[PDB]
Amino acid sequence: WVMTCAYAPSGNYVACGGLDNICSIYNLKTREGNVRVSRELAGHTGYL
Amino acid sequence: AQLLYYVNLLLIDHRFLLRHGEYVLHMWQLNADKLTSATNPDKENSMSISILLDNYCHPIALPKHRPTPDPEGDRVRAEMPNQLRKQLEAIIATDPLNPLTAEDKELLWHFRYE
Amino acid sequence: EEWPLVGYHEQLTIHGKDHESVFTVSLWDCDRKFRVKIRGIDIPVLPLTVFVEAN
Amino acid sequence: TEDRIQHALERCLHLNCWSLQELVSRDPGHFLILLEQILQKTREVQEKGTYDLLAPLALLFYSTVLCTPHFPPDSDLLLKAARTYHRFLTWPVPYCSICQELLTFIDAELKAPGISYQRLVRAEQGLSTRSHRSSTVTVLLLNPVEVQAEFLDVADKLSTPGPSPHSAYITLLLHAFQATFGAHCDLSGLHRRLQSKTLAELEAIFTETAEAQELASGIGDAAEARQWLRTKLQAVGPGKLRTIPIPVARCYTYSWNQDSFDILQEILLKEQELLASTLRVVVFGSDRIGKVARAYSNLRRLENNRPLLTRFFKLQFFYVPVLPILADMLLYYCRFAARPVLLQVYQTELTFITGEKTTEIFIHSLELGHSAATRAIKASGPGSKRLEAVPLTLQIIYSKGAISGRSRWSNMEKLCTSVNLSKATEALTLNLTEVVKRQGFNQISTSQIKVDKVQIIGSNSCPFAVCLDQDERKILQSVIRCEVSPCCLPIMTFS
């Protein structure tokens, strides 16, 4: 249930979120070059 | 009509109590067999029967009879009339493969000390 | 071998007793006609009319 | 009069009850005659063995012996009744378990007359003592748009506070004293003298009367208990016997347009100011108002796991299929119905895509997939404003069970958009909308198979949305395995 996304100005990070009430940040330039989840910014009490 | 299966169950168990609950029994398939009190070991292709015996808040025991003198025989000790005695003895004289008709049963039961 | 070493109608009838101290019922106090409930039959394998007949 | 009673009795054991309980109340003398007749019919059953006609008699006795204005000392009706119902201990459960609890009530009524009606009234009013304090509250959860205006009227009437603690204490004292001293007391003089007395002294008098009644009921011997109670009441202190009916209990009527039982905790705030105990929730019910059982679901587990209402009260829910006759019949049912009917709740073992596990319960149904997703968007609102079904690949093993213990297994791998489970030990009618051909339209093959137990395994890359009991607001996706098998606040039925 993704509702939003946001390319970082640097181009290294991308963010997304939705009804999960979490802003999942992903790193495109990963140590191993994979699409790895950098962070789960949780704390919001409603859909992102 | 052709009989296909059968099963038997004791209604009083081995410790003087009546049967209560749900019982599922396996079926022997068709003597001293038809008087069998065991369940079929073949639990894979055997006809099964499920029955219910109503529960009871307390055990349904069955007491032991107590021995009491029976004057019906003690003081009944004078020789019976020769005709009735003749009938009794003539009845007793047949082979054990002679089926006792109801009449004979009643006669013998009344004369249960001759 | 080591398998260790493994009443009367008056005591087993409700009548003459207070319901508080009832623990068993003699079989001879129950005048209800015997009753049994059948549920069904089940054969896993198919070999018409059928009918149980208890006796 | 006797033949009228016999006709009514034979026509109520076929609004035929209310008429019995309204013809006897006229004359203090009609309560013994009816009881005698009941015993005769009861004895016939005891002689015969007709299993199906005992519980209505066992409820009519309890109901009349508790409204009987007074039992003459000469009449030995209670002893004959106890001898008649003592011989049911040999009957199958539950008859012996209704008779044991009737015999206890007949000992409470043999030792302390009127105790079983003073307990009820005390409780229902909320006018208990500081030794044995209790309370009962009735909440009329009714939907204004569904209930009829006749029922709305009856509800309004019932809610109106009729009695006061003063009047309630006067009625309780009058009936406790009358039950014991029959006609030999002056109920007009006693009422006139009690009217001028103050509320506090009335409360003290009732507390002593209730303690004396309880202690007399506690005495082993019946014969001396009555004399001791009579002497105690004389120390505390021919006419015509008077029928004292049951005072209306406390009731509250709240407008329930919702389906969840959250309303109740909001009520509990004014309970902080309005105070084990018990709460009589009288749910008024329609066909779809299915969802009431779904709300029951929460209030069952939710509370069992987060006790909030149960902290003080024992809840009891009453289903109405939807003073005047409806008021009387309602109160009588709620008062004398005391045997619940628990409905089956299916159990589900869920393994999530993460790997966590927690057993759950679906009372009504279990939907999955396109149905689950559709309900997910129905519960979105602004989401559904800003927001075909690609099939979900599930390997499903369903087992058909039996009392014999021989489970017949079968299995299949499928690629179906949705799968809903629906109710017929029980049977679970199941639907499987297969995607015979994926595309914005997927071929739909509704498959109705009769499964009781099911085992669903979905690919970890194919999370499947799951709805339990049609609860559109809490669908569960991200599950990878689901194992389903057929597993205080009771609902209640009169029989």
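Residues numbered from 1 in each chain as written, not as in the entry; some residues may be left out. Chains lettered and ligands numbered in written order. Part of a larger assembly, values for the part shown. Heavy atoms only, no water.

- Per the deposition metadata, cryo-EM was the technique used to determine this entry, at a resolution of 3.6 Å.

1. Some words on the overall build of chain C
- For chain C, the helix and strand inventory stands at zero helices and two strands.
- Taken over the C-alpha trace, chain C has a radius of gyration of 22 Å; the compact-globule value for 55 residues is 10 Å, which it surpasses by more than 25%.
- For chain C, the spread of C-alpha atoms along the principal axes amounts to about 55 × 45 × 20 Å.
- Going through the 55 residues of chain C one by one, you find that 20% of them count as buried.
- About 5,200 Å² of surface is accessible on chain C, with carbon and sulfur atoms providing 58% of the total.
- Of the side-chain charges in chain C, 6 are positive and 9 negative, and the distance between the mean point of each set is 14 Å. (Helix = DSSP H or I, 4+ residues; strand = E, 2+ residues; numbered from the N terminus. Rg over C-alpha atoms; globule rule 2.2 N^0.38 Å. Buried < 20%, exposed > 50% of the residue type's maximum accessible area, 1.4 Å probe, protein only. Areas by Shrake-Rupley, 256 points an atom, 1.4 Å probe, with all protein chains shown as cover. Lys, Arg positive; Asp, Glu negative; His and termini not counted. Charge placed at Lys NZ, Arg CZ, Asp CG, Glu CD.)

2. Observations regarding the interface of chain B and chain C
- On the side of chain C, 24 residues touch chain B, which itself brings 25 residues to the contact.
- Both faces combined, the contact of chain B with chain C buries some 2,400 Å², and carbon together with sulfur accounts for 64% of it.
- On the surface where chain B and chain C come into contact, there are two salt bridges.
- The residue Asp54(B) makes a salt bridge to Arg35(C) at a minimum N-O spacing of 2.6 Å.
- At the surface where chain B touches chain C, the tally comes to 13 residue pairs in polar contact.
- Counting only elements with at least two residues in the side of chain B that touches chain C, the list comes to β4 (48-53) and β5 (60-61) of chain B.
- No other element matches the six residues that β4(B) contributes to the side of chain B that touches chain C.
- Across the side of chain B that touches chain C, the residue classes break down as 14 nonpolar, six polar and five charged. (Contact = heavy atoms within 4.5 Å. Buried area = accessible area lost by both parts, 1.4 Å probe. Salt bridge = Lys/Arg side-chain N within 4 Å of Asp/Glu carboxyl O. Polar contact = N/O pair within 3.5 Å; in protein donor to acceptor, adjacent residues only side chain to side chain. Nonpolar A, V, L, I, M, F, W, Y, C, P; charged D, E, K, R; others polar.)

3. Considering the pattern of salt bridges
- Throughout the structure, instances matching the rule amount to 21 salt bridges over all chains.
- Between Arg39(C) and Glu22(B) there is a salt bridge; the shortest N-O distance is 2.3 Å. With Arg39(C) in strand β2 (residues 37-42) and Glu22(B) in strand β2 (residues 21-26), this pair bridges two chains.
- Taking relative accessible area as the criterion, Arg39(C) reaches 40% and is therefore assigned partly exposed.
- Of the residues examined, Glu22(B) reaches a relative accessible area of 56% and is grouped as exposed.
- The network of salt bridges with shared partners includes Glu367(D), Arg375(D), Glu472(D) and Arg473(D).

4. Section: the interface of chain B and chain D
- With 11 residues of chain B at the contact, the number on the chain D side is 10 residues.
- Counting the surface lost from both chain B and chain D, the interface buries some 750 Å², and carbon and sulfur atoms represent 53% of this.
- Where chain B packs against chain D, one counts zero salt bridges.
- Seen at the junction of chain B and chain D, the total is three residue pairs in polar contact.
- Its residues assigned to classes, the side of chain B that touches chain D shows four nonpolar, five polar and two charged.

5. Focus: the packing of aromatic side chains
Residues and elements named next belong to chain D.
- Taken as a whole and judged by the stated rule, the model has 18 aromatic pairs over all chains.
- Taking 5.9 Å as the distance between ring centres and 80 degrees as the angle between the ring planes, the aromatic pair formed by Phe151 and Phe284 counts as edge-to-face.
- For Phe151, a relative accessible area of 17% gives the class buried.
- With centroids separated by 5.5 Å and ring planes inclined at 90 degrees, the aromatic side chains of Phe318 and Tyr333 adopt a geometry described as edge-to-face. Side by side, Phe318 and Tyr333 carry an identical accessibility label, which is buried.
- Among the aromatic residues, those joined into a cluster by ring pairs are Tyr51, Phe61, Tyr85, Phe88, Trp91 and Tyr95. (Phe/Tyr/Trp six-rings, centres within 6.5 Å; stacked < 30°, edge-to-face > 60°.)

6. Notes on the sheet that holds β2(C)
- One open sheet accounts for three strands, arranged β2(B)-β4(B)-β2(C); its pairing is antiparallel. Two strands close off the open sheet at either side, each with one partner strand: β2 of chain B together with β2 of chain C. Shown here is a sheet whose adjacent strand axes are inclined to one another by a mean of 15 degrees, direction ignored.
- By the bridge criterion, six bridges tie β2(B) to β4(B) in an arrangement that is antiparallel. Within β4(B), the position partnered with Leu25(B) by the bridge is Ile49(B). (Pairing = 2+ DSSP bridges. Axes fitted to C-alpha atoms, helices over the stretch in contact; angles between N-to-C directions.)

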